[PDB]
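Protein chains in written order, with the deposited numbering: chain D, 1 to 72; chain B, 1 to 72; chain C, 1 to 595; chain A, 1 to 595.
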Amino acid sequence: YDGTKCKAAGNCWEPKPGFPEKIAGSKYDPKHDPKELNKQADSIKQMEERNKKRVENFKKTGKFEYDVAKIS
Amino acid sequence: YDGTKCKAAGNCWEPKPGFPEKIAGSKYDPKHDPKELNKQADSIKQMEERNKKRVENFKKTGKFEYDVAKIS
Amino acid sequence: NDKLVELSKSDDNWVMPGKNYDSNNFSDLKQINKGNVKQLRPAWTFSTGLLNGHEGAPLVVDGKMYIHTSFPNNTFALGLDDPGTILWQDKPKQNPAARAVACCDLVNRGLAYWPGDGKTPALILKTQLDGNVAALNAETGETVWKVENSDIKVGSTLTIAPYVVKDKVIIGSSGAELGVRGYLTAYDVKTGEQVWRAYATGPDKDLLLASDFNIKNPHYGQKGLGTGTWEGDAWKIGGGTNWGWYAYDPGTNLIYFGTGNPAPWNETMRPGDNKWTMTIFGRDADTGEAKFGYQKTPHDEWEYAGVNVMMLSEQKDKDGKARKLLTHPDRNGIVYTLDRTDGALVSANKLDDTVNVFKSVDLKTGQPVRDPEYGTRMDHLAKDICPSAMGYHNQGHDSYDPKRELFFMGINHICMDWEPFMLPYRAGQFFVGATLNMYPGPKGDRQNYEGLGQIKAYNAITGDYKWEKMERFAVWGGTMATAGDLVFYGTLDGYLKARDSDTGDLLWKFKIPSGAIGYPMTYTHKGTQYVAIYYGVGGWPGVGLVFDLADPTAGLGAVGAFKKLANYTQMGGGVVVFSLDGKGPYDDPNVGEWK
Amino acid sequence: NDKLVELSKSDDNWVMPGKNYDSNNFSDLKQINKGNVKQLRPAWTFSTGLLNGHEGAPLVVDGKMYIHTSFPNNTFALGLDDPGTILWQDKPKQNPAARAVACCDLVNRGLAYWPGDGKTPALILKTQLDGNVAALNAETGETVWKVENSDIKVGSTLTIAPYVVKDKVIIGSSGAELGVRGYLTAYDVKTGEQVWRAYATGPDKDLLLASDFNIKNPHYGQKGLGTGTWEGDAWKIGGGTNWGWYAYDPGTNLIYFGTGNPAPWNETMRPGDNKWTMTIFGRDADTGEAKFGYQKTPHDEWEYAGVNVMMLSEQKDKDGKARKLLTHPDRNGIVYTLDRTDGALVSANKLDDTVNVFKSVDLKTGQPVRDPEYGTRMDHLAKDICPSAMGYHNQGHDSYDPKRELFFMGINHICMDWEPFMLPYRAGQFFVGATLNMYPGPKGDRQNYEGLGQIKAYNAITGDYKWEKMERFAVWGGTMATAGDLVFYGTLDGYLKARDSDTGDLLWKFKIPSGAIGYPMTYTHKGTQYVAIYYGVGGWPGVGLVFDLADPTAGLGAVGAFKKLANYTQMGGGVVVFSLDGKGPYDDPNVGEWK
Ligand SMILES: O=C(O)c1cc(C(=O)O)c2c(n1)C(=O)C(=O)c1cc(C(=O)O)[nH]c1-2
Ligand SMILES: O=C(O)c1cc(C(=O)O)c2c(n1)C(=O)C(=O)c1cc(C(=O)O)[nH]c1-2
Ligand SMILES: [Ca+2]
Ligand SMILES: [Ca+2]
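In structure tokens, the structure reads:
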């Protein structure tokens with residue numbers, strides 16, 4: 001693997017001598033829990049949800065309130 | 001009480017209008033626990049005891065050791 | 001933003017990180033020059049009251065200096081006419097838990113500024129380690145709006161400085177060491193309303209690509225690679241965060257920046273090129289869509305986070321063609337220079353000849369030729385790899401002399417030993433998976449662990465280095481250059497240095513309180529020219545000194561590499577301002593006195 | 001110690017707190033004088049890496065500067081030829097619990113030095129907040145011996161600087177706010193062996209009195225008052241700790257110092273004069289026995305801790321008699337001046353005419369005439385008392401010009417409201433029992449809380465004040481004067497100032513990083529004269545700023561009094577060294593570089 005030969009444009013990865021082309025089911029399988037892998041995405045659409053409320057309220061009232069709990 | 005009249009040399013304290021000459025048994029009695037009042041003195045003669053050991057050991061061995069536990 | 005562009009043309013202003021949209025860090029002021037530098041002395045100082053690394057540089061706008069600090073990220077405003085009086089101060093209250101998820105010390109690269117239209121006043125924009133982005137009233141310091149950009153519960157923090165373009169604020173992101181999938185966001189400077197948010201990995205929809213993305217360089221790759229170059233959902237925690245600097249060209253309306261290293265550090269768990277981290281991006285300021293993207297380090301296995309500084313310029317190529325360029329000294333040891341209009345490679349030379357991770361960078365395939373002998377992988381111990389994860393160039397913001405067509409860069413001379421290891425991913429916990437050991441490069445003293453840095457003058461078209469000089473420690477925080485034929489910069493061992501732009505000769509230096517990991521800035525006030533710089537060692541190189549670590553492999557290996565740093569400096573936190581002969585506000589001892 | 005006496009005669013030395021045994025803080029160096037002061041600029045700086053108040057001043061001996069810091073009390077040694085390199089450093093490991101029992105911020109007044117005889121090398125003596133006293137090898141920094149002087153479990157800590165006399169070290173004590181019975185100790189500088197220890201209250205045996213104690217002034221009081229002026233065992237927790245400064249006269253072999261306030265602050269619980277706190281003592285250096293003792297504030301009810309500086313001199317009294325004197329600007333607002341050979345009162349004038357706690361001090365009875373209208377007591381609220389518990393003069397170490405026969409003192413202009421309250425005594429817990437409220441004095445701005453200090457030139461025999469000047473904040477850390485007709489001093493709002501010794505005109509000032517609560521010191525190195533001073537606000541006045549307190553009655557009332565301090569300064573910690581034109585070690589930028 002020296003990065004010179006490419007399956008396709010922008011894709012030139014090759015496994016190193018002695019390593020699988022797919023680590024799935026191999027000795028090197030991460031075995032990632034999708035439960036975990038999705039935490040970040042939820043984190044964002046909650047933050048976006050709160051910010052949405054904060055911003056809208058600000059537009060409405062002209063007064064900014066950070067605590068979503070106090071927004072009506 | 002203006003500090004000008006003295007029972008004796010170096011002793012000029014007088015009680016202020018309305019206060020006892022002795023607060024013992026008065027509304028203003030501290031009621032100090034002698035158990036507490038003596039903690040400081042013990043604290044010192046223990047420190048002096050340890051230091052005594054540290055210093056003597058240093059004189060003896062020429063090597064200073066702070067941990068009394070390791071001194072013989 | 002045209003007021004900003006206008007304002008930046010003023011010598012008694014410094015209105016944005018990097019001084020201007022070209023981010024050349026160049027001043028036309030020649031009051032302080034190689035003829036009188038030896039008279040440069042402290043005019044006044046200001047302690048920020050905090051320890052830890054002090055990166056970035058202050059802002060000077062409308063007679064006021066705005067100072068930012070490390071966590072908890074306070075903000076101060078000083079009147080240039082009487083600096084001893086703090087006009088207003090903002091002291092955020094933040095969850096102390098944010099401290100635990102910060103890879104590389106509690107730093108912050110700086111403040112941004114928005115002129116104001118009419119309805120809304122001038123604003124100071126800042127980011128907080130805990131993920132909040134706030135807009136403060138530039139004159140009173142009260143909060144106009146505050147929103148959540150990053151969530152620490154998932155490992156995402158903020159250290160990057162905001163960037164104001166037109167009427168929007170651009171916020172980066174940090175956290176790849178904890179498997180955070182990168183994304184930069186644009187907010188409405190006026191309301192805090194989110195305009196667009198683009199990610200560095202995953203579905204093209206999340207990548208926000210223009211319909212003509214890389215149309216001029218189809219070989220860079222185009223659609224589908226955000227997931228195509230990964231195995232399974234791995235991209236979901238693929239990293240690529242952008243915490244460095246930006247550059248902007250009103251002509252192309254493009255925002256230029258680079259994305260970071262993929263996660264984890266364990267090369268073996270990320271089979272594939274890991275598009276799109278480690279890539280130079282060209283995004284439309286208003287829409288957010290990417291018009292070109294060149295990946296510098298396909299399938300990273302050294303942690304060459306490609307977030308380093310972007311510096312624009314206009315020069316003639318070897319064919320005599322005038323080109324609108326962008327020069328990029330990357331962590332991988334290669335200085336990239338692309339056409340900032342279509343993303344074409346113009347040159348990619350090594351920062352130092354000791355770089356051995358790549359034989360070279362093929363300009364017509366755009367791929368870097370890998371020398372297998374220095375790659376990393378499971379069950380193996382790679383040795384004497386250069387550059388180390390700290391790279392031959394890090395977070396420092398360099399400068400460019402438009403007249404000399406020279407870039408003055410603060411280089412790192414550190415190599416490393418490397419061996420990964422398996423580990424699970426738990427949102428909120430580190431996800432590095434690699435144990436390093438770093439030391440001085442070939443040209444340094446590997447015995448006494450000194451000679452970790454260097455500073456060079458470089459031409460992007462020729463690839464020639466007008467001059468090079470060795471520094472005791474890595475030159476971490478960037479450089480600044482003036483028309484006075486000087487190049488200033490701070491050092492980790494606690495100096496502010498000045499070199500002759502042409503010869504690189506050290507003409508002057510001063511002993512500041514603590515090491516410097518930010519860049520110098522200069523401005524004029526009432527006719528006098530000043531040079532200011534923060535003091536307070538920290539950042540990744542100061543980790544061992546800051547958190548009192550001894551194990552050479554601690555601080556992700558940085559500890560061992562800077563073991564001698566504590567013999568030249570200690571922590572600190574503040575600003576030192578220099579002027580010819582120390583001339584300043586208090587030359588008349590009665591100013592500021594109580595009457 | 002005759003080498004010390006000899007060494008102190010050298011201008012490129014500063015071998016003890018107060019410069020010499022007379023502790024006049026006066027330098028014969030006239031290189032920097034009122035003619036060229038306006039050229040004084042920073043030559044180099046050094047951050048200590050710690051926040052909190054930085055009191056005292058560094059020591060300069062044999063080409064090296066020794067720097068001490070606040071808790072955990074580190075020690076650094078710098079080579080004057082190359083200050084950027086730390087020769088050695090001592091970083092003590094202390095029980096963090098010591099922090100809880102420190103009344104007034106984690107400060108430390110300084111280091112002491114012992115020349116060495118032959119068998120034993122030169123030593124640096126230091127005290128630690130946790131009660132330990134250590135002797136370090138002046139050249140290597142390794143510990144020669146370390147002993148326990150104060151036990152924090154009982155509330156006793158250490159902040160005072162050691163004092164070397166002949167071949168012994170004198171260690172004070174701190175803790176009266178936690179009912180600690182005061183005692184000073186003399187150790188064998190060579191072995192750490194305890195020679196003598198005298199207490200401030202109790203049986204004459206514990207007081208260590210000479211058989212001829214106060215024989216010349218029997219009215220001061222003599223035997224039996226250590227218990228006689230107290231009710232019951234109250235003296236056992238009577239306070240009287242000595243944490244200020246000392247002075248020494250080889251002629252009389254007497255150590256001069258003052259004892260502190262009695263405990264608790266609650267006047268009502270301590271019926272009696274409370275001998276012997278608040279008293280000026282004359283003790284024999286070798287034996288420890290007291291040859292004279294004058295009590296300044298009998299039965300204290302304001303917390304006028306009488307530990308302030310002692311400055312010796314020789315002048316003619318109003319009768320034309322040459323006298324060996326000692327001048328003492330006390331917390332109670334009276335400047336005492338006694339014959340340092342028998343303890344006779346020579347003069348006792350008010351620091352400022354706004355002092356109202358005493359009508360006057362009767363020189364032939366030695367008693368201060370109390371104005372009942374301003375005393376304190378249970379069930380009552382005393383108002384507009386001056387001076388406040390902070391006194392009109394605190395821990396600052398002033399100076400004396402032997403030629404002008406003038407003492408330049410850093411004064412406090414703060415008064416207070418006061419009302420005590422009952423409370424039990426539990427070893428280890430605070431035992432104050434009084435809630436205060438402080439503010440600017442009559443001559444200050446009580447509205448905006450500014451004008452809390454002043455600096456004056458005073459003659460002890462005449463009682464005349466050559467000149468007086470108002471300062472924004474209390475002038476807390478002392479002054480230093482040179483034959484150059486200058487008086488230097490640092491201010492809480494973060495300046496180093498210089499005034500004309502004769503007129504008191506402000507000739508020059510510089511903006512240092514943080515407020516200054518230590519005194520300036522000066523020395524020559526390779527012909528150049530330098531002036532150094534610590535920066536880092538703290539101590540009692542900075543309590544609110546340091547521990548982030550808002551309640552005006554917090555920090556024993558100090559908080560409210562300095563509420564405006566945070567608009568002029570923030571915490572810091574380091575040293576700034578000034579020289580004419582900023583001349584220094586690095587004038588040749590290559591010194592200290594890596595080759
Ligand atoms: O992957 C990441 O998101 C991330 C973030 C940061 C940061 O936020 O400061 C650094 C790094 N990586 C990194 O690899 C590293 O080189 C580094 C050095 C420094 C510094 O402040 O000196 N920050 C960071
Ligand atoms: O009674 C005591 O033992 C004691 C100790 C100290 C100290 O150790 O610093 C102070 C005081 N009292 C005190 O009353 C006070 O004025 C004070 C101010 C300061 C300062 O460092 O600024 N220390 C102390
Ligand atoms: Ca990283
Ligand atoms: Ca006290």
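Don't be surprised by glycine CBs; every beta carbon is placed ideally from N, CA and C.
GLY444(A) (DSSP reduced to helix, strand or coil) | Along the fourth sequence, one-based indexing puts residue 444(A) at 444. Residue state, collapsed to three classes: coil.
Less than 7 Å between the CB of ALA561(A) and some heavy atom of ligand 3, yes or no?
-> Along the fourth sequence, read from residue 1 onward, the residue named residue 561(A) stands at position 561. False, no ligand heavy atom lies under 7 Å from that Cβ.
Listing by chain order, which chain B residues have their CB less than 8 Å from the CB of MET269(A)?
-> Position 269 of the fourth sequence, counted from the first residue, corresponds to residue 269(A). Within 8 Å Cβ-Cβ: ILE23, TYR28 and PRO30.
At what residues does the alpha helix (DSSP H) containing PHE473(A) begin and finish?
-> Here residue 473(A) is taken as the residue at index 473 of the fourth sequence, counted from 1. Unbroken run through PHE473(A): none, as it is neither H nor E.
Would you say the beta carbon of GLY260(C) comes nearer than 7 Å to a heavy atom of ligand 3?
-> Mapped onto the third sequence, residue 260(C) falls at position 260. Indeed, a heavy atom of ligand 3 lies less than 7 Å from the Cβ.
Any non-hydrogen atom of ligand 4 closer than 7 Å to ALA210(A) Cβ | Walking along the fourth sequence from the start, residue 210(A) turns up at place 210. No, ligand 4 has no heavy atom inside 7 Å of this Cβ.
Just grab the DSSP bridge partners of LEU40(C) for me.
-> Sequence index remark: in the third sequence, residue 40(C) carries index 40 (1-based). Looking at the DSSP assignment, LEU40(C) forms a beta bridge with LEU580(C).
Could you work out which residue in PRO402(A), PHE547(A), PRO121(A) and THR140(A) is closest to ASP485(A) when comparing CA atoms only?
-> Counted from its first residue, the fourth sequence places residue 485(A) at position 485. The option with the nearest alpha carbon to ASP485(A) is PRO402(A).
Among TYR199(A), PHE510(A) and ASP493(A), which residue has its Cα nearest to the Cα of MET571(A)?
-> Residue numbering aside, residue 571(A) sits at position 571 when the fourth sequence is read from its first letter. Closest by alpha carbon: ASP493(A).
Got a sec: does ligand 1 put a non-hydrogen atom nearer than 7 Å to the Cβ of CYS104(C)?
-> On the third sequence, residue 104(C) is found 104 positions in, with the first residue counted as 1. Under cutoff, so the answer is yes.
Counted within 10 angstroms of its Cβ, other Cβ atoms place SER43(B) as buried (16 or more) or exposed | As a first step, residue 43(B) must be located in the second sequence, where it is residue number 43. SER43(B) should be labelled buried.
Hey, out of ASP464(C), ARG499(C) and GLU471(C), whose CA is closest to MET480(C)'s CA?
-> The residue labelled residue 480(C) in the question sits at position 480 within the third sequence. Taking only the C-alpha atoms, the option nearest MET480(C) is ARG499(C).
By a C-beta neighbour count over all protein chains shown, 10 Å radius and 16 as the cutoff for buried, is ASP300(A) buried or exposed?
-> If you number the fourth sequence from 1, residue 300(A) lands on position 300. When all chains shown are included, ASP300(A) counts as buried.
Measure the alpha-carbon distance for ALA210(C) versus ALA285(C) and round it to whole angstroms.
-> Taking the third sequence and counting its residues from 1, the one referred to as residue 210(C) is at position 210. Taking the third sequence and counting its residues from 1, the one referred to as residue 285(C) is at position 285. The straight-line gap from Cα to Cα measures roughly 12 Å.
Span of the beta strand (DSSP E) holding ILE411(C)?
-> Here residue 411(C) refers to the residue found at position 411 when the third sequence is read from its first residue. That run of the beta strand (DSSP E) goes 406–412.
Please confirm whether any heavy atom of ligand 1 lies closer than 7 Å to the CB of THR159(C).
-> As a working note, residue 159(C) is residue 159 in the third sequence. Yes - ligand 1 has a heavy atom lying nearer than 7 Å to the Cβ of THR159(C).
The segment 39–59 of chain A / the segment 87–94 of chain A touching (three or more Cβ pairs under 8 Å) = no
Are the Cβ atoms of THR287(C) and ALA200(C) separated by less than 8 Å?
-> As a first step, residue 287(C) must be located in the third sequence, where it is residue number 287. As a first step, residue 200(C) must be located in the third sequence, where it is residue number 200. Going by C-beta atoms, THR287(C) is not nearer than 8 Å to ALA200(C).
Beta-bridge partners of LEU37(D), as assigned by DSSP | For the purposes of this step, residue 37(D) is identified with residue 37 of the first sequence, where counting begins at 1. Answer is none; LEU37(D) lacks a bridge partner.
Is the beta carbon of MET310(C) less than 8 Å from the beta carbon of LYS296(C)?
-> By one-based count along the third sequence, residue 310(C) stands at place 310. By one-based count along the third sequence, residue 296(C) stands at place 296. No, Cβ-Cβ distance for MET310(C) and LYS296(C) is not below 8 Å.
When every heavy atom of ligand 4 is checked, does at least one fall within less than 7 Å of the C-beta of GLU177(A)?
-> Stepping through the fourth sequence from its first residue, residue 177(A) is reached at position 177. Yes; taking the cut-off as 7 Å, the Cβ of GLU177(A) has a heavy atom of ligand 4 nearer than that.
Start-to-end residues for the beta strand (DSSP E) that takes in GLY282(C) | Here residue 282(C) corresponds to residue number 282 of the third sequence, with the count starting at 1. First-last of the beta strand (DSSP E) with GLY282(C): 279–284.
Unbroken beta strand (DSSP E) run spanning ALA558(A), endpoints | For the purposes of this step, residue 558(A) is taken as residue 558 along the fourth sequence, with counting starting at 1. Not the beta strand (DSSP E): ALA558(A) falls in the alpha helix (DSSP H), residues 558–561.
List the residues of chain A that residue 74(B) touches, going by C-beta distances under 7 Å, in chain order.
-> Summary: the structure shown does not reach residue 74(B), with chain B confined to residues 1 through 72, and so no result is reported for it.
Rounded separation between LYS168(A) and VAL5(A) - CA only | Sequence index remark: in the fourth sequence, residue 168(A) carries index 168 (1-based). Sequence index remark: in the fourth sequence, residue 5(A) carries index 5 (1-based). For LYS168(A) and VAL5(A), the distance between alpha carbons rounds to 15 Å.
Distance between beta carbons of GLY226(C) and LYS291(C), contact taken as under 8 Å | Within the third sequence, numbered from 1, the residue matching residue 291(C) stands at position 291. Within the third sequence, numbered from 1, the residue matching residue 226(C) stands at position 226. At roughly 16 Å, the Cβ-Cβ gap does not stay under 8 Å, so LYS291(C) and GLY226(C) are not in contact.
Counting only beta-carbon atoms, is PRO42(C) nearer than 8 Å to chain A?
-> Here residue 42(C) is taken as the residue at index 42 of the third sequence, counted from 1. Yes - at least one Cβ of chain A is within 8 Å of the one on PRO42(C).
Residue environment, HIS68(C), which counts as buried when at least 16 other CB atoms sit within 10 Å = As a first step, residue 68(C) must be located in the third sequence, where it is residue number 68. With 16 or more other Cβ atoms within 10 Å, it is buried.
Just to check, is the beta-carbon of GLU303(C) closer than 7 Å to a non-hydrogen atom of ligand 3?
-> Indexing the third sequence from 1 puts residue 303(C) at position 303. Yes, the beta carbon of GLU303(C) sits closer than 7 Å to at least one heavy atom of ligand 3.
Residue interval of the beta strand (DSSP E) (run including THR522(C)) | The count along the third sequence starts at 1 and reaches residue 522(C) at position 522. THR522(C) -> beta strand (DSSP E) spans 521–525.
Hey, how far is the Cα of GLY293(C) from the Cα of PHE213(C)?
-> One-based indexing of the third sequence puts residue 293(C) at position 293. One-based indexing of the third sequence puts residue 213(C) at position 213. Each residue's alpha carbon lies about 8 Å from the other.
Neighbouring residues, chain D, relative to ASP204(C) (Cβ below 9 Å) = On the third sequence, residue 204(C) is found 204 positions in, with the first residue counted as 1. Those do not exist, as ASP204(C) stays about 13 Å from chain D at its closest Cβ, beyond 9 Å.
With a threshold of 16 other CB atoms inside 10 Å of the CB of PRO372(C), please say whether the residue is buried or exposed.
-> Here residue 372(C) refers to the residue found at position 372 of the third sequence. Classification for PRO372(C): exposed.
Please report how far the alpha carbon of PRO298(C) lies from the alpha carbon of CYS12(D), in whole angstroms.
-> The residue you call residue 298(C) lines up with position 298 of the third sequence. The residue you call residue 12(D) lines up with position 12 of the first sequence. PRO298(C) and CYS12(D): Cα-Cα distance of roughly 8 Å.
Alpha carbon to alpha carbon, how far is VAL355(A) from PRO264(A)?
-> For the purposes of this step, residue 355(A) is taken as residue 355 along the fourth sequence, with counting starting at 1. For the purposes of this step, residue 264(A) is taken as residue 264 along the fourth sequence, with counting starting at 1. Rounded to the nearest angstrom, the two C-alpha atoms are 23 Å apart.
With 8 Å as the threshold, decide whether the Cβ of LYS59(B) is near any Cβ in chain A.
-> For the purposes of this step, residue 59(B) is taken as residue 59 along the second sequence, with counting starting at 1. So yes, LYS59(B) belongs to the interface.
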